[PDB]
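Given next are the chains, with one letter for each unit.
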Amino acid sequence: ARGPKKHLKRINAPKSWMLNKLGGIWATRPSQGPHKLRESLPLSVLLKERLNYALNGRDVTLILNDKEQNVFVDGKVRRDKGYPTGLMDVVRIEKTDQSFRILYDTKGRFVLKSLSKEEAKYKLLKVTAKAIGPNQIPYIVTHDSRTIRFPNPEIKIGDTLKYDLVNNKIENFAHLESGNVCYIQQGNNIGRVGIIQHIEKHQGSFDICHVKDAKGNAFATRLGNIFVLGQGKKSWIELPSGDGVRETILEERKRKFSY
Amino acid sequence: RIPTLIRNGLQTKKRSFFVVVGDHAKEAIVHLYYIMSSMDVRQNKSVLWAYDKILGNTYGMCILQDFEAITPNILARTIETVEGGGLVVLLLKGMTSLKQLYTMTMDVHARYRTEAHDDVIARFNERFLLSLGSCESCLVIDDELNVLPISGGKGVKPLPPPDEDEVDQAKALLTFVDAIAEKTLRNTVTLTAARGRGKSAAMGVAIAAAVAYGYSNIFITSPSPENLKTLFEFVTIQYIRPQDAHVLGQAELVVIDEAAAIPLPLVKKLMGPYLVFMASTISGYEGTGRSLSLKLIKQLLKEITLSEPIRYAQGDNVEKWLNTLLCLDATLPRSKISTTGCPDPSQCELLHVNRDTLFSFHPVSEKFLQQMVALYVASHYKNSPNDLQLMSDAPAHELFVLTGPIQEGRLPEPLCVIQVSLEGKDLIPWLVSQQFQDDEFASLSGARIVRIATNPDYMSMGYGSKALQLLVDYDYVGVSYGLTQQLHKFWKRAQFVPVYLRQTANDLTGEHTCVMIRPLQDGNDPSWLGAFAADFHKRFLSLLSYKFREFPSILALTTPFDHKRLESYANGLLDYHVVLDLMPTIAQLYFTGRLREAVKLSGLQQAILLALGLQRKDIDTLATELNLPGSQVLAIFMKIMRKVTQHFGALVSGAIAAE
RNA sequence: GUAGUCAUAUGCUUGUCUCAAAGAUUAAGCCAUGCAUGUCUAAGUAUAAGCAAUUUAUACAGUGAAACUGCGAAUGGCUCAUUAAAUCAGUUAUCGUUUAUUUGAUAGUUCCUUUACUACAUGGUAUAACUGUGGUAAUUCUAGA
RNA sequence: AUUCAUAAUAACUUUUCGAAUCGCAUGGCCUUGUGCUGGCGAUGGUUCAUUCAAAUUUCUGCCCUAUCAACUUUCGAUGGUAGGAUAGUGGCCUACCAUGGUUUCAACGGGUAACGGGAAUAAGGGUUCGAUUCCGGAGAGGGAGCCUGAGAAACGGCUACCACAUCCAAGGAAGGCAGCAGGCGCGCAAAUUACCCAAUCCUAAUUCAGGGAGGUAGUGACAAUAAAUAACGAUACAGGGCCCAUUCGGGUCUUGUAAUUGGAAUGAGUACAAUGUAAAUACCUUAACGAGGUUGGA
């Protein structure tokens, strides 16, 4: 192909953005950042269609360009129409001191969870890779594309850390092993939260995992899609749509219109 | 406005002079832009801008930029090129200021005057104003004229309608031309006319009209080329120039275009072997004087003349304008228009008059100078307005006239005229220093006798010398002429001393041009004369051999300097022949030089220097051997000269190169 | 047979209402006429009132002219014309290959001259732009100051 | 999984590296000039992975055909190897040789103008989608070579060549819009060279650049739809009716006013802002203000 793509089509932009089909023809294309294209929510989407603080396109252009700084992502200022806010992030709306979790539904739509000045401090990080680099030093990396220097050594590659944004400090981690709580970042099963049952590795190039939860449903997904929302039953963050558990179309009806 | 008028003009086949006078930018430039868009004989016009190559073509509309300078020849030539409905837009300086205009502003075209700075030329402006002012024919648009009245044009305005314009040649082609009779059929015909008459076209007709097989085959010759294009285009025409022409005799009817230009010797011989049509232009710029034309004809002639222009209708006011401005009119040789005229009888009286005569119009007025001009101009082989302008405005112009009986305001015509042109401080004052030894020669002053002429009826009276004596009577005097044993003695008898004999036969006369000086002041002029004369003495052998014609230099009569000359060729631009001949300084140098004088050194282009100078090898020949591109040959010759000088004396050459 | 043709067939022609289609289809007939990827300051370059437009930073205000920049101008968009080919689909990580983009991170060992290291009160240039001098049927022309 | 790293390690590399940034923030520190104080970013570099990628790449699948039997090896048909290219994998080649091996499961091979093909519901049914190809290779006179660069087999960069193919003061000096429209043509076949970048998308340098995106129209049975547009009623006056199959019988009985009543029927203009082309935003939707004239048979 000519070179590298550079736009994005209304029609082609993820169902996670709950986008306007009739809308236009395009859609703000996520900027190369911390999260992958599909797994992200560009700010313009976050304020216009989400919060609804903005509206028309120029509305954003003001907000992120205005010399006041109205948007914060993980304790930092952002002024990019399409910064890819990803899973388990913390976004603050300066002018109102609003704090949000970037989390998927139970139906897989990006949801905004309101946090208390309390959780707004800690953010959950999942461990990408772990190896030693320059001059005998250990480095850990998080999905959030965080690069960590001198990390606690009791941390295996597929771990989950709790991060104190305020001090850029770590605390209480927890690997994925039979008996923990987890969130699935993507898949025919995303947005779910349950107890890890067991992890059968097949090495041939793809390991799998099982899970249980509230109504004790059986879940199946690939490791790469498991995010440890916590150690031993206690979750670490407040979940959207009540608990991370979806209902039969049948259970939804009976709960709402009670059929 | 003028666009309507333009329509009338092309319909009439006439042209008009549109004078734009005013500020350079204001009237001149902007108006020209507007006129181009507006005036459309066709859509717009070619509007060639002039500020020789152009003649075969014709153009609708043109502009002549006299704002700084006026070259009259160019103006006349430009007009001849313009088609029917065309307008010649003359760009002039502000009208009130024009006459004086020229000074600091100056007539830049002053190449006639050739003072360091250009000057006024008021007289010419005055003559111009007279012709322009005389009648309604020329349109004068002056600045600060919010509205200019345009006589003529759409609506009723001044310009009496001429008939739509659209036999003389036909009467002439075969017709006057059928040369068969008790008298010989083979003879020489000479058709003469002003420019644009159709002489060439007439001459072209005969070419085919005689058919190869059929009427017969023809031939054609001409001087330095001249537009061969019309004749042949109108035409078996083949062309071999006269000299090359001298080869073999094939044809029944020879045609020579503007033969007057060709040497009498060469021309005469050629006319003998066949039957010919002789064409010659007169009564215009770069034409031939009618006085000379008669002498030329006498050498034979069936002469015929064509009166009407092919390109425009007769009576074209533009053409009338230029003729009058330029003083095209010839009448004095046959006769003057008055009680007197024609031969000038009575005792000849010698007198001088100044340029000032030009302004006054009374006794001694524009007329006296005009008459003098007509006479000298008439007697010359070629006529040119540069002469006229020079006569009018140029400083340092002095005249002497030989006149017949003078009494009342109107008397008989002049017998003779002498035009002296100060020179110093072209021709006698440009070359004495390039060609001679003293770098300084250009500095002094002298008066060249540009033109001397005695009415043919009056000749051999001694009036000619009488004219010269009057010139001296009340640094030196000089003259340049085609060398003739006869003419030289005239000048020698005049008291001139032979200065130089150049290399190239006059293209027109066929004789080599010599220069002579009549020493007025001893301080340096007799010195320059004698010194040059001596130099010529040393050079004499060199010249004779070089001439090819190898004519010995009688002239009017029955070294360290060489080093300077040599350096000038080596270090500078002086030309080869100047240094070279068989043996001027250059051959002198080769004899002495141990170097390649032979195959490489000596003096000239070929073996670089020797092969051309000694061998007389062709430029083309040595360029090949030497493997030079051409032009480079001269450079090599110069380099060779430098080398020889250095070998002779390094220190001397260095100083000479330096200063 | 039946007429009809709920056959057309086109062949005749009339309030208020719109989710609203129209030289890929022929030849992958192209440029009439119309037309055309450049650009900004917290930010890199502007005149001690000849960019200069004010106005009085004031040793460098804006303010911009122009340039320098520095960027994209490998994007598409129309085009099978091909193509029986992995084209393409899945279906490969690439111990086999390259990588702007984006972050993240981030870098004490440069002498050690035999520290006038000079001494960094951070170098040198170079140039435009710029004033001008031009040229030429005439350039995205171009000359030379 | 490593000869992996990231180690070193020496050497030895015309080889790097390494903010002569600018921006506000200069008030705290001591000093008192000082030394700082740099704050903070802008402006860099560094390598790594950071998406960016591509780029390979196994592993299923184009029409028919055995009347395809056989195929493929001079340098590749194979292996394997030396190198060299390749940016970097590769017979890709330099070699150098291996003879390879493909194949009736038809292989060699042939023949199908072939450019080329995503959603979801759903007892059953209901239905439907993405939107004229999601997907996805090869053209931008011919040829050539070259171009940018993170990044082109660079169409729309060149050149130069060819060709066309053009302006001309003679001289030189053009020019390839299947990214549009347009006229020819073609000639099967279809609307002004609308309005805006109002969105929503685009690019993009620190803003609000620019967006031939997009949008908006119109045109436009286009396919069209819709299917709703003079009747409601006052009176008189009354001939007798008027129909039948009718042949005569029968049926019985309003019917004409080219008579006199009905509401301030209604249509059409006028602010009317406007979902509204922030301008289409008066054209919508209002609102009102006003305001009825085929046939046959003499």
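The rules behind each value
Here, residue numbers run from 1 along each chain following its sequence as written; these need not agree with the numbering used in the entry, and residues that have no coordinates do not appear. Labels follow written order: the first chain is A, the first ligand is 1, and so on. Any value you read here covers just the chains shown, which are one part of a larger assembly. Think of the side-chain values as coming from all heavy atoms in the structure, minus any hydrogens and water. Residues with missing side-chain atoms are left out of burial classes, side-chain pairs and their counts. Helix numbers and strand numbers start at the N terminus; a helix is a DSSP run of H or I with at least 4 residues, a strand a run of E with at least 2. The globule rule used here is 2.2 Å times the number of residues to the 0.38 power, and the radius of gyration it is set against is calculated over C-alpha atoms. Each residue gets one of three labels from its accessible area relative to the maximum for its type: buried under 20%, exposed over 50%, partly exposed in between, using a 1.4 Å probe on protein chains only. We call two residues in contact whenever any of their non-hydrogen atoms come within 4.5 Å of each other. Note that accessible areas follow from Shrake-Rupley with a 1.4 Å probe, and for residues the cover is restricted to the protein chains shown. What makes a salt bridge here is a side-chain nitrogen of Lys or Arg within 4 Å of a carboxyl oxygen of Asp or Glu, nothing more. Side-chain atoms alone can form a polar contact between residues adjacent in sequence; in general such a contact is a pair of N or O atoms within 3.5 Å, and within protein one must be able to donate a hydrogen while the other accepts it. Pairing between two strands is assigned when DSSP locates at least 2 bridges connecting them. Between N-to-C directions, angles span 0 to 180 degrees; the directions come from axes that are lines fitted to C-alpha atoms, helices contributing only their stretch in contact. Stacked, edge-to-face and tilted labels apply to pairs of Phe, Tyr and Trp rings (six-membered ring for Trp) whose centres lie within 6.5 Å, assigned for plane angles under 30 degrees, over 60, and everything in between, in that order. Counting as a charge over the ring demands two things of the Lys NZ or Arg CZ atom: a distance within 6 Å of the ring centre and an angle within 35 degrees of the ring normal.

- As stated in the entry header, the method of structure determination is cryo-EM and the reported resolution is 7.3 Å.

1. Notes on the overall build of chain A
Link 1 in the chain: The secondary structure content of chain A amounts to three helices and 17 strands.
Link 2 in the chain: Its C-alpha atoms give chain A a radius of gyration of 19 Å, near enough to 18 Å, the size a compact globule of 259 residues would have.
Link 3 in the chain: Expressed as lengths along the three principal axes of its C-alpha atoms, the size of chain A is roughly 65 × 50 × 45 Å.
Link 4 in the chain: Counting the 259 residues in chain A, one finds 41% classified as buried.
Link 5 in the chain: Of the contacts formed within chain A by residues at least 6 apart in sequence, a portion of 47% connects residues at least 24 apart.
Link 6 in the chain: Put simply, chain A shows about 15,400 Å² of open surface, and 51% of that area lies on carbon and sulfur atoms.

2. Points about the pattern of salt bridges
All names here are of chain A.
Link 1 in the chain: One salt bridge in this structure joins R92 and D97, with 3.4 Å as the shortest N-O distance.
Link 2 in the chain: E251 serves as the salt-bridge partner of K215, at 3.0 Å between the closest nitrogen and oxygen. Placement of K215 in the loop between β15 (208-212) and β16 (219-222) and of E251 in helix α3 (residues 249-256) is noted, with a sequence separation of 36 residues between them.
Link 3 in the chain: Through salt bridges with shared partners, a single network forms among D74, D89, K123, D144 and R146.

3. Notes on the side chain of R192 of chain A
All names here are of chain A.
Link 1 in the chain: Tracing the chain through its elements places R192 in the loop between β13 (181-184) and β14 (193-196).
Link 2 in the chain: At a separation of 3.0 Å, a polar atom in the side chain of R192 contacts the side chain of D213.
Link 3 in the chain: If near-sequence neighbours (up to four positions away) are discounted, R192 is found in contact with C182, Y183, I184, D213, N217, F219, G244, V245 and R246.

4. Description of unusual backbone geometry
Link 1 in the chain: Phi is positive for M18 of chain A, which is not a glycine, with a value near 40°.
Link 2 in the chain: Of note in the backbone geometry, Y213 of chain B takes a positive phi value of approximately 65° without being a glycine.
Link 3 in the chain: Position of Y213 of chain B relative to the elements: it lies in the loop between α7 (199-209) and β7 (218-221).

5. Concerning the sheet that holds strand β2 (residues 71-73) of chain A
Residues and elements named next belong to chain A.
Link 1 in the chain: Sheet architecture is open: five strands sit in the order β3-β2-β5-β6-β7, paired in antiparallel fashion. Each of the sheet's edge strands pairs with one partner strand only, and the pair in question is β3 (76-77) and β7 (110-114).
Link 2 in the chain: When strand β5 (residues 90-93) meets strand β6 (residues 98-104), the two strands line up antiparallel, connected through four bridges. In the strand pairing of β6, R92 is matched with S99.
Link 3 in the chain: Relative to the sheet, helix α1 (residues 43-51) contacts β5, β6 and β7, its axis offset from that of β7 by approximately 80°.

6. Some details on the packing of aromatic side chains
Residue and element names in this part refer to chain A.
Link 1 in the chain: Ring centres of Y104 and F110 lie 4.5 Å apart, and the angle between their planes is 65°; on these two criteria the pair is classed as edge-to-face.
Link 2 in the chain: The ring of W26 carries the charged tip of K9 above its face, separated from the ring centre by 4.7 Å.
Link 3 in the chain: The ring of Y122 has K162 lying over it, and the distance from NZ or CZ to the ring centre is 4.4 Å.

7. Some thoughts on the environment of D144 of chain A
All names here are of chain A.
Link 1 in the chain: Relative to the elements of secondary structure, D144 occurs in the loop between β9 (137-142) and β10 (146-149).
Link 2 in the chain: Among all residues touching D144, those that are not within four sequence positions of it are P34, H35, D74, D89, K123 and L125.
Link 3 in the chain: For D144, the side chain forms a polar contact with the side chain of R146, separated by 3.2 Å.

8. A short note on the pairing of β10 of chain A
Consecutive residues of a regular strand have side chains that alternate between opposite faces of the sheet.
All names here are of chain A.
Link 1 in the chain: Bridging between β9 and β10 involves four bridges; their strand directions are antiparallel. Paired with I140 across the strands is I148, a residue of β10.
Link 2 in the chain: Between β9 and β10, which pair antiparallel in sequence order, lie three residues; one of them, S145, sits at a positive phi of approximately 50°.

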